Amino acid sequence: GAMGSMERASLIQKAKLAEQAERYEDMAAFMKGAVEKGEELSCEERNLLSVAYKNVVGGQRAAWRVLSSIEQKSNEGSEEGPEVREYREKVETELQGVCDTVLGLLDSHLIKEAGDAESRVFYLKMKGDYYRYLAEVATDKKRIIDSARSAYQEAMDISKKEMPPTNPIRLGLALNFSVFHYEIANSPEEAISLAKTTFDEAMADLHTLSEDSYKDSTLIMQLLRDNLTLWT
Amino acid sequence: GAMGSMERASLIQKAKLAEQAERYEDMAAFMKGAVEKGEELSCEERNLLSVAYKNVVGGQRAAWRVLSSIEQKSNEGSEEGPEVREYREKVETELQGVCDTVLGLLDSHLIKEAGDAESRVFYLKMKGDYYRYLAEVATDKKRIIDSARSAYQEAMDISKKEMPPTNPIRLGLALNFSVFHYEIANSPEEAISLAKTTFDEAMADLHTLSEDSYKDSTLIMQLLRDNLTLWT
Amino acid sequence: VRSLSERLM
Amino acid sequence: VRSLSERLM
Ligand SMILES: N=C(N)c1cc(-c2ccccc2)c(-c2cncn2CCN)s1
Ligand SMILES: N=C(N)c1cc(-c2ccccc2)c(-c2cncn2CCN)s1
Ligand SMILES: [Cl-]
Ligand SMILES: [Cl-]
């Protein structure tokens, strides 16, 4: 590991600098290095890891969608070479590599050492997210979908037992699981039901929250609401 | 060169795909490969080269500015490690590498084969731009500034002899040279004089242009005007 | 149009 | 505030 010679604290400090500089490839490398030190991650450090790789993979998914669209148009009255397919495959292969890197970190060994709900649910959700990103480009497709489903479901079970309905991690988990149902699993009715009950159960729990926790939860709830508006 | 095995036309086609996908690192690599085929570049191909590397270096300059700012604040009632300096140096070194790559392509051998004004002025301006980006982080600083000045001046001489005042390349050259004067060379009065005369001489030539050429020139003239507003 | 997923805190 | 330089066509 190219970050093996750098102090854990220095990697974290530089990941925060990279975030301010919007250098998310650097941020991912720093946080990967931090994870590979072997120590568990704090809540802040976990979110730095999530921020870095979500932005990296986020740019790859956007590029892949553009290229896939151009590729599908080429395969309709369309004039013909292999370049579009080749370059889409290049981005796709790079995207899959990032997803495998994250899944590798969760498997070695973030998840097995995560005992607390906030950490375990966070990592299992992340596992679901990155198997979902793999599913988006897959055509083993079924096993990838099942791996996402299984990760999300284990996370849902723990969050429902151990976290209040308004917990931001639980809310973000349910949001992404509902996206999985709608966009990946061809289960729009499951997606709508999950988003509804997640929103309603959080609504009924807002009265227990501080002003700052209320802002955090309602911000995420609005995404659930926005999706329901698009889905119904 | 990792692109040596790919057809020139395929590299150009994929550079255009990368632009649509906003994958400018890929775009730079493709166009670098295209340049290294040894053939001169068309006007379109020259702009693809410029688009790719300007975006790449543009992200590095923005990141460098963030880090440099954080670094200067650390060196004022400020609490102290070497991480900020180290990471700024990393981005800086990567920025300089990109600038050297471009200058290498212009020197080997785009400029010496560029005989037409549109191509020669374009490359010499580009040489000035990327020596200017080097100057922004330099602390040999004087030689870098002189190399930018000399490249810009040779380009200005040719453009004034061979191009109409409203030529977009001439306008973009004068704009960037005026930025050099103001931001790099500590010559704000030279910057203001150049922007004024460039704008006025283009204004007086708009009557010769088509509707589409009129739009192109006035779009760039507005930047000259905006700078003058900030400078005076 | 694509569904909205969790945003970074 | 930094001066505006040439924009991509
Ligand atoms: N540097 C980033 N991207 C983030 C850092 C943190 C964070 C977490 C704990 C302590 C300090 C910072 C984030 C966070 C995630 N959940 C809530 N928070 C903070 C807002 N209440 S997000
Ligand atoms: N793919 C890009 N980024 C660009 C391509 C071209 C271009 C140039 C010549 C022929 C075809 C396309 C650009 C250009 C630069 N000066 C004017 N133009 C076109 C607008 N009149 S910019
Ligand atoms: Cl490719
Ligand atoms: Cl560093």
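I will try to describe carefully the structure that is included in this document.

The next thing to look at is the interface of chain A and chain B. The interface is formed by 23 residues belonging to chain A together with 23 residues belonging to chain B. Summed over both partners, the interface of chain A with chain B buries about 2,100 Å², with 57% contributed by carbon and sulfur atoms. When residues of chain A are sorted by the area they lose upon contact with chain B, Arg23, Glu83 and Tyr87 of chain A head the list and together hold 30% of the total. Taken together, the links from chain A to chain B amount to 6 salt bridges. Between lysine 90 of chain A and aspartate 26 of chain B there is a salt bridge, and its shortest N-O distance comes to 3.8 Å.

For ligand 2, the full set of nearby residues is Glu19, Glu44, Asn47, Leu48 and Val51 of chain B together with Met9 of chain D. When the free accessible area of ligand 2 is taken as 490 Å², the share hidden by the protein chains comes to 56%. Ranked by residues supplied to the shell around ligand 2, first place goes to helix α3 (residues 43–74) of chain B with 4 residues.

What follows concerns the interface of chain A and chain C. The accessible area lost on association of the parts is a frequent measure of interface size. Counting from both sides, the interface comprises 22 residues of chain A and, opposite them, 9 residues of chain C. For the chain A and chain C pair, buried surface summed over both sides reaches about 1,300 Å², with 60% attributable to carbon and sulfur atoms. There are 1 salt bridge connecting chain A and chain C. At the junction of chain A with chain C, the criterion picks out 5 residue pairs in polar contact. Looking at the side of chain A that touches chain C, the elements with two or more residues in it are α3 (43–74), α5 (117–137), α7 (168–184) and α9 (211–231) of chain A.

On to the site of ligand 1. Ligand 1 sits among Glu19, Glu44, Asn47, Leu48 and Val51 of chain A together with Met9 of chain C. Close to ligand 1, residues of chains A and C are found. One of the side-chain N or O atoms of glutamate 19 of chain A is found 2.8 Å from a nitrogen atom in ligand 1. Computed on the free molecule, ligand 1 has an accessible area of 490 Å², of which 57% lies beneath the protein chains in the complex. Among the elements that line the shell around ligand 1, the one with the most residues is α3 of chain A, at 4 residues. For the shell around ligand 1, the per-class residue count stands at 3 nonpolar, 1 polar and 2 charged.

Another point: the packing of aromatic side chains. Under the criterion given, the structure shown has 14 aromatic pairs over all chains. Over the ring of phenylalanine 199 of chain A we find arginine 225 of chain A; its NZ or CZ atom is 4.8 Å from the centre of that ring. Here the guanidinium or amino end of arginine 46 of chain B rests over the ring plane of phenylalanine 122 of chain B, the centre of that ring lying 5.9 Å away.

Further remarks concern the pattern of salt bridges. Evaluation of the coordinates by the stated rule reveals 34 salt bridges over all chains. The partner of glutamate 86 of chain A in a salt bridge is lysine 14 of chain B, with the nearest N and O atoms 2.7 Å apart. Of the two residues, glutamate 86 of chain A is situated in helix α4 (residues 83–113) and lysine 14 of chain B in helix α1 (residues 8–20); the pairing between them involves two chains. Residue classification places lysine 14 of chain B among the buried residues on the basis of a relative accessible area of 5%. Of the charged contacts, one joins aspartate 129 of chain A and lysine 125 of chain A as a salt bridge, the two residues approaching to 2.8 Å between their closest N and O atoms. Of the two residues, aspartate 129 of chain A and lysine 125 of chain A both sit in helix α5, 4 residues apart, roughly one turn of that helix. As far as the burial class goes, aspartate 129 of chain A and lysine 125 of chain A line up, both buried. The structure contains a network of salt bridges with shared partners spanning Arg23 and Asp26 of chain A together with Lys90 and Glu94 of chain B.

Reading guide: rules and limits
Every chain here is numbered from 1 following its written sequence, a scheme that can differ from the numbering in the entry; residues without coordinates are not drawn. Chain letters start at A and ligand numbers start at 1, both assigned in the order the entries are written. Only hydrogens and water are set aside when side-chain values are computed; all heavy atoms of the structure are taken into account. Residues with missing side-chain atoms are left out of burial classes, side-chain pairs and their counts. Contact criterion: two residues are considered in contact whenever any of their non-hydrogen atoms come within 4.5 Å of each other. What counts as buried area is the accessible surface, traced by a 1.4 Å probe, that two parts surrender upon association, with contributions from both included. In the sections that follow, a salt bridge refers to a side-chain nitrogen of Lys or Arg positioned within 4 Å of a carboxyl oxygen of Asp or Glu. Proximity is defined per residue: if any heavy atom of the residue lies within 4 Å of a molecule or strand, that residue is considered near it. A 1.4 Å probe and the Shrake-Rupley method give the accessible areas. Residues count as covered only by the protein chains that appear here. In this description a helix means any DSSP run of H or I spanning at least four residues, a strand means any run of E spanning at least two, and both kinds are numbered starting from the N terminus. Under the rule applied, a polar contact is a pair of N or O atoms within 3.5 Å (in protein, one hydrogen donor and one hydrogen acceptor; residues adjacent in sequence only if both atoms are side-chain atoms). The nonpolar class holds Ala, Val, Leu, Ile, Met, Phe, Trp, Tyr, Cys and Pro. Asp, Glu, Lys and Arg form the charged class, and all remaining residues, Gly among them, are polar. Between the rings of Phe, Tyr and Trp (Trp by its six-membered ring), a pair exists once the centres lie within 6.5 Å; its type follows the angle of the planes, with under 30 degrees stacked, over 60 edge-to-face, and the other angles tilted. The criterion for a charge sitting over a ring is simple: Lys NZ or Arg CZ within 6 Å of the ring centre, and within 35 degrees of the ring normal. Exposure classes here rest on a 1.4 Å probe applied to the protein chains alone. A residue is buried below 20% of its type maximum, exposed above 50%, and partly exposed in between.

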